[PDB]
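Below you'll find only one chain, the form deposited without ligand PX9, shown as structure tokens.
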């Protein structure tokens, strides 16, 4: 209830496939600080299950190696909102998407949302897409973000963006 932008009519089947975390922003610098930061995850693939849920495959530098973790987002009454009984927070909201190029989502903690708001701009190809980065910056003008990271093409093809 902080993020005011949501996708009217999301077809979770069409967002299936491979995605690249082109940019990420959070309300707390320490949330995305170092490579070992708790909410510094890189999306690899979204696989919507027939049941309505969504399987998310992501990379994260855990101990001292790029670990691949599999998280699952259960659907809810609203088609753009998903729950995850996973990392700190619990709600996943899909803000906008044209299905073929970009996707902007934001994770939010229910009780401590301002202390846990991370958002990303997912793109389909390892290219710096200006129109997606503009729409991302847009949906973020109204949010309390304090750190914003962006990645280059060569970095996008590396596991964990090294």
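Positions refer to the first chain, counted from 1.
If you average the C-alpha B-factors over 42-50 and over 91-99, the higher value belongs to 42-50. When 103-111 is weighed against 23-31, 103-111 comes out higher, by mean CA B-factor as recorded in the entry.
Sort the chain's modelled residues by C-alpha temperature factor and residue 140 lands in the middle third, per the entry. Looking at the C-alpha B-factors along this chain, the one for residue 119 belongs to the lowest third.
Residue 84: CA B factor lies in the highest third for its chain, per the PDB record.
What comes next is about the form deposited with ligand PX9 bound, which does not appear here.
In the deposited complex, ligand PX9 stays beyond 4.5 Å of every heavy atom belonging to residue 127. Shown alone here, residue 131 lies farther than 4.5 Å from ligand PX9 in the deposited complex, counting heavy atoms only. Of the residues in 3-34, none comes within 4.5 Å of ligand PX9 in the deposited complex through any heavy atom.
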